[PDB]
Amino acid sequence: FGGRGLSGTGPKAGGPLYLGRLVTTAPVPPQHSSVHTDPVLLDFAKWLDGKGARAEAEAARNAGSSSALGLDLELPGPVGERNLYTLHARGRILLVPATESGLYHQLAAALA
Amino acid sequence: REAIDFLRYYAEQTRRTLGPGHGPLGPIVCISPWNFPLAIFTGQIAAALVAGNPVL
Amino acid sequence: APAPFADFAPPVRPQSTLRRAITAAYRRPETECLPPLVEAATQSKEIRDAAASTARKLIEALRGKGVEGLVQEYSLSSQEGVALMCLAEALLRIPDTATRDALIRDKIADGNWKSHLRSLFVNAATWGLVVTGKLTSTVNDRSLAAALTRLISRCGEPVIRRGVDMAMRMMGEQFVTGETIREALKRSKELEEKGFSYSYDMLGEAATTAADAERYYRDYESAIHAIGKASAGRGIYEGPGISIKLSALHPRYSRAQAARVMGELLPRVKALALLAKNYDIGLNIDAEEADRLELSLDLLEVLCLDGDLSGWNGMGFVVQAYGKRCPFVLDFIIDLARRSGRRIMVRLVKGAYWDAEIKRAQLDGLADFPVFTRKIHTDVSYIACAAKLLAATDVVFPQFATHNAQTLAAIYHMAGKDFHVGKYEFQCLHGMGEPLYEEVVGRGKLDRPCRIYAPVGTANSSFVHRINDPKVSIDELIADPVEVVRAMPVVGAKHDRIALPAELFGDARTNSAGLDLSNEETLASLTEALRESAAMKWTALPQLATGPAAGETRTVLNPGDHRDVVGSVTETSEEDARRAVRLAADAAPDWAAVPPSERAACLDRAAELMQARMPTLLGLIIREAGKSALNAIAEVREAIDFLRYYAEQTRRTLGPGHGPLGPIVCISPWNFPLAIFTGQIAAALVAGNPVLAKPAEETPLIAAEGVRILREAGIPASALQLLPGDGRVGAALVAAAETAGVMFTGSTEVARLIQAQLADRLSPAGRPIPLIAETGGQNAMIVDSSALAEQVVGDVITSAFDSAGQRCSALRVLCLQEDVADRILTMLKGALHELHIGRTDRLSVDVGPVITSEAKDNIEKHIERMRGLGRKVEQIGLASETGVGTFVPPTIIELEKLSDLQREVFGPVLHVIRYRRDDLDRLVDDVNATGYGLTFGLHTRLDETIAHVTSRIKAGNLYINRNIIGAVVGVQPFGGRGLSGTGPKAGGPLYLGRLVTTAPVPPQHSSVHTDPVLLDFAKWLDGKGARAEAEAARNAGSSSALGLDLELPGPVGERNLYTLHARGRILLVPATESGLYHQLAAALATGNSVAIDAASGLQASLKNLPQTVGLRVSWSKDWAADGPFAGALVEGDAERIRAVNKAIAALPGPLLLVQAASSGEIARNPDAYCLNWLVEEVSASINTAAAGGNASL
Ligand SMILES: Cc1cc2nc3c(=O)[nH]c(=O)nc-3n(C[C@H](O)[C@H](O)[C@H](O)COP(=O)(O)OP(=O)(O)OC[C@H]3O[C@@H](n4cnc5c(N)ncnc54)[C@H](O)[C@@H]3O)c2cc1C
Ligand SMILES: O=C1CCc2cc(Cl)ccc21
């Protein structure tokens, strides 16, 4: 339970991301993964590689893999009901970088 | 029931995930509403506690 | 000049009565196999009670006595358990224990596991089976990576150490008896002292190359010495033996290669048997696929009659009770034992290849399966065959391999009280059967010996699963399959949920039937039919509506041997071609008036005729087109499938409002001279159009026979005219004023010439003349380090060199991940040199000629250019006999970059490039950058790579973990994008709608998804006051089938998906603002972006677009600079449409599917622009047996 916009910050109560917010290093929640890779992230990583920013291109690819964007799960519940849980893009992320590499890392995270 | 489910859910989620590298924040202030005065009260507190934080 | 087909497939020896009885049973209906097995397996009430009691006692012992404890101790999820075992396997690839323990403590236990160790999860499908009992073909590596991170961060080093110790015990001691034969022998002493014996299996099968066969040979030879040394004179019953697989000892172990098998494989088996003889140990020949059974009998017969092997009774042979031939095979073996005086060791098994046999028989369209389809039938078969064996213990040594306590008990009591070591034995698998047979071996138990099948190296129906299932009672486990089967309503009924090959498509249509080229009766019958076909005076004539026409006559030659004259073609004059079109125009109303179901009945009758005539048609295709027998079967099957598929699609769709175009020119290629020929013509005909059939100049005879068959089936002469000849005939047909549509399959360059000719003309209704053009592909396959090299090599060899690479789908560029490139390349070159190239009237020929000398010269010029550039070129050496025809040796060329390849080379030429893992996405970019988009293959076990690659590749036909050729009608609807074609896909549901002036709604053609940019545009339209256009936009959003996602019925072990995607960027050439809005709505509703003609002057009509729509809109002054486009929408009067259609035809790159409407038509007709032609069909075929088995089966 929990919404977006004026309805709150997330993560959802009674959901698998909740405890991760209450620790300084978040764990990987159960079933939290996705085989989808954001295609713009991929385009960004190739651009970084063509630019010689090999550390950032590597970081971008790793972000694309570890992102759980596109997760699409059915949760156990009662008969006669289908309860679905999905991870989507949040929207537009404000990036406040200080350095070029910081910007590449933030952009990779947001694009992924 | 919702309070009970929060307790057991966050307990199981902890058993599935939390290890020594997932350090706590420290004291967490949990401010709850009057419309779910047990369930949301318990859910926030249980989550903060089981993640290793003392709760106000 | 050798007489055609005189040496097609002579058997290894004349088939004895006993051998013919085996062959007769090959695919015998299950209801006919089972009654005699029931009768043979019947035992007395007293014995049945005694057996049920013994089986109960065994099962009670079993249930009253690893990975699951680990999962419990650390609270692991299933994915965590699998991921842990994959980690442990990887850590065990580190040889030095202290080095591994340091890595765990210092790097792995701290979360850094990816940097220190190819995906960790390449074998996760195996570990998944271990952990969960469930099999997947591919691996969710992102889930496993998350799970591994989670479990390490939660549990740390202790869980890793426990996982490592568990995997080491399982892989070193439970999956195998030992990593080496010396180790396996050391570990066998314990159970040999308790009364077991051993048969060692040096893990080895399916040799791909001569070098691999030689490696397996020396593994067997070295093992025989080690086992014989250890046996130390214990003899064949008390002492250990060896088991071999014939497929390990020769890379071409098949009936088609029987001469090489007898000449090259047999001496190797003899040499190993001679060594086993000198040590007096057992040497057992394992049983493999059903199409190798009878071939293996020829080896068994020679060996048992070879006097050099006399005095030794250690030769053994497996027979599989799940096979319908098993009792007849046993009759043959028992007789062979009597004749030879050798006491043949006969291992009775149920069988290990069940899933693969079901899939293979379905793929091959054969009459029935060579195995039973109900497990209980295999159990009855087993017991029946045990009865036969137990009656012959004086001449054979039965070896009852089973883990099923009920099966065991039935046979134990069937055998009765008299026993001595050497009379018979049981057998079981190492690390699986010992708990059961610990209750059997030894004077304190049942006092019967058991031989353990011992591997050596580095299913809810199963007894082993059911024994561990608490919901399965002992009563269920000791149920007598013989009496259960006897009591069924139909004894031997096929399994309800498995389709016979003929019924693969259920009520939709009848699957075409193939021929079993491993069946000696079929081969003998086919030899005669093929020879007879070569004595026929095949002709092709201009067959006009008014009768055959006179013309210039030339001979048609076998491309594999120009001395072999196949027939005569009389070619069509340009004047008669033009007359044919006028005759078709005159006859068009009469054919259009034949009701669609009757037109479809013509197609169905032609399919029956082609099916009946298949053997004769095969012989013609083999000799006229240079095809192998197998490829000719596939081609006739495809023609049958087209006929039946388009007939069914007609019955599903066509009514009187779907008016025909008029005369359709069908230009077909030489590489599928019957199937593509038939498919184009059948579709046009059944859509109500009269057809001018222009076959390739190289292959007119089979075309004439196809027309003869269609006319015999009821197509009137005026509706189907045959116009043999060269491109002048094709050009005359295309240019004829009354030509209303063209279906072309051939080169992109000729398609472009046709498009330019058609651009000058409009239909009677003022629309562009439809062109369906299927053209080339520069087809790639990407292979990552998770793929199985042997599967890859087989699929590459087939995809690249089948039909001499003269498939439009043929594999042109193989992309190998760098880490595995050298190993796969070495195996590929080795497999290349096992191919037999020659005239195709021999079953042993793998690759035939290319079609003409000009084709040969063009291909060879490419190869020499690459060789001149310093590229490594691998070529098979050709025999001198190829000189009389036009052959190109199968060739492998290693390229530096995909850009080194600049043109489609239509021959048996595989290009290989290597890529770094991190460059996969750029590689997909480079593949797409050719502009082609026909077939594409991906070999990987990793879901993340599948999702990534298949979401980025732009190709019409995708293939996962299989070859990329032989697309099946209605299963992999065939056709690509870009330079590869206009679409719609042949053998797909959009095809017929292109051949009528008003397209029907295809079966299953809808989508509940609405393009969101369409929706934003419709809101913008309403904001601007364009209320009618907004409504039309919303209607287009609903009518669009973008997002359609279907699974098509096909064989087990494969998932065949059909999806509708956006085409790409549509060129919009509007005339009015309202026209622009309607065009934009049509394009957006189908997921496309647009480039709008800037010369329209309508820029002010798109002020203030939402950003979402703006992102999809470009304005184009220079259309050729802003492409490639994927289609075009045009508005204007007839002169404007003609001028735009001519300008679009001049655009470089792909042939654009153009739709045109007048402004008034846009206002009047909601379907002025048809959305069928604004989406792109994609077919994806996933081999789900690829991990070794079939989960759902
Ligand atoms: C020592 C040993 C050596 C062997 N050597 C070979 C060999 O050389 N070649 C070979 O092919 N097999 C061989 N096998 C057999 C194969 O590997 C399986 O172990 C065997 O089929 C399992 O049968 P079962 O009596 O143990 O168990 P069960 O659970 O009784 O029988 C399972 C078997 O039933 C059959 N089956 C399952 N479902 C169906 C169905 N729907 N319709 C029809 N049949 C079905 C399959 O054959 C399956 O393996 C060998 C087995 C042993 C123990
Ligand atoms: O069949 C051929 C080869 C050349 C060609 C050109 C056109 Cl316009 C039509 C057909 C054909």
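The chains referred to below are lettered A, B, ... by the order of the sequence lines, with proteins before strands, and numbering in each begins at 1. No hydrogens, no waters, no symmetry mates; every other heavy atom, side chains included, goes into these values.
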Open item on the list: Checking C:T739 against C:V734 for the side-chain contact (heavy atoms from CB on, under 4.5 Å) test, could you report, in this order, the C-alpha distance in whole Å, the side-chain angles of both residues, the deciding distance, and whether it holds?
Closed with: CA-CA 6 Å; C:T739 291; C:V734 167; 5.7 Å; no
Salt-bridge contact [X]-[Y] (side-chain N to carboxylate O under 4.0 Å):
X       : Y      : value
C:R360  : C:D364 : yes
C:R761  : C:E738 : no
C:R752  : C:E749 : no
C:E1176 : C:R977 : yes
C:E648  : C:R651 : yes

Open item on the list: Set out, in order, the CA-CA distance, both residues' side-chain angles and the distance that settles side-chain contact (heavy atoms from CB on, under 4.5 Å) for C:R637 and C:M614, then state yes or no.
Closed with: CA-CA 8 Å; C:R637 285 192 68 200; C:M614 173 176 282; 3.7 Å; yes
Measuring from [X]:[atom1] to [Y]:[atom2], what's the distance to the nearest 0.5 Å?
X       : Y       : atom1 : atom2 : value
C:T1059 : C:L1044 : OG1   : CG    : 8.0 Å
C:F744  : C:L758  : CZ    : CG    : 11.5 Å
C:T678  : C:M610  : OG1   : CE    : 3.5 Å
C:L692  : C:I681  : CG    : CD1   : 10.0 Å
C:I715  : C:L685  : CD1   : CG    : 4.5 Å
C:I640  : C:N511  : CD1   : CG    : 9.5 Å

Just by distance, do the side chain of [X] and the backbone of [Y] share a donor-acceptor pair under 3.5 Å?
X      : Y       : result
C:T653 : C:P1002 : no
C:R599 : C:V594  : yes
C:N558 : C:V566  : no
C:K985 : C:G975  : yes
C:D641 : C:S512  : yes
C:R812 : C:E904  : no
C:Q972 : C:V968  : yes
C:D576 : C:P542  : no
C:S763 : C:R767  : yes
C:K694 : C:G725  : yes

Task: side-chain contact (heavy atoms from CB on, under 4.5 Å) evaluation trace for C:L517 with C:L526 - done: CA-CA 9 Å; C:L517 300 183; C:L526 186 58; 3.7 Å; yes
Is there side-chain contact between [X] and [Y], with at least one heavy-atom pair below 4.5 Å?
X      : Y       : value
C:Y646 : C:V969  : no
C:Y959 : C:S1179 : no
C:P770 : C:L661  : yes
C:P695 : C:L722  : yes
C:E608 : C:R644  : yes
C:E774 : C:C808  : yes
C:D590 : C:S718  : no
C:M743 : C:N689  : no

Can you name the closest pair of heavy atoms from [X] and [Y] and give their distance?
X      : Y       : value
C:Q721 : C:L583  : OE1-CD1, 3.7 Å
C:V556 : C:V569  : CG2-CG1, 3.7 Å
C:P973 : C:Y1058 : CG-CD1, 4.0 Å
C:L504 : C:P1049 : O-CB, 4.2 Å
C:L366 : C:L515  : CD2-C, 3.6 Å
C:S980 : C:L934  : OG-N, 3.3 Å

Open item on the list: Can you confirm whether the side chains of C:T745 and C:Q680 place a donor and an acceptor under 3.5 Å from each other?
Closed with: yes
TODO: Scan side-chain atoms only and decide if C:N963 and C:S799 contain a donor-acceptor pair under the 3.5 Å cut-off.
DONE: no
Task: Which residues share a salt bridge (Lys or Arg N to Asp or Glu O under 4.0 Å) with C:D841, sequence neighbours left out - done: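 Counting only residues at least two positions away or on another chain, C:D841 forms a salt bridge (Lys or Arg N to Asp or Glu O under 4.0 Å) with C:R839.
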Open item on the list: Out of the candidates C:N1056, C:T935, C:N957, only one should pair with C:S1181 under the side-chain hydrogen bond (donor to acceptor under 3.5 Å, both in side chains) rule; please name it.
Closed with: C:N1056
- [ ] Carefully, step by step, assess C:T982 and C:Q755 under the rule side-chain contact (heavy atoms from CB on, under 4.5 Å).
- [x] CA-CA 11 Å; C:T982 60; C:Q755 175 201 37; over 6 Å; no
What side-chain donor-acceptor pairs closer than 3.5 Å can you find for residues 662-676 of chain C, not counting sequence neighbours?
from   : atom 1 : to     : atom 2 : distance (Å)
C:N671 : ND2    : C:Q806 : O      : 2.9

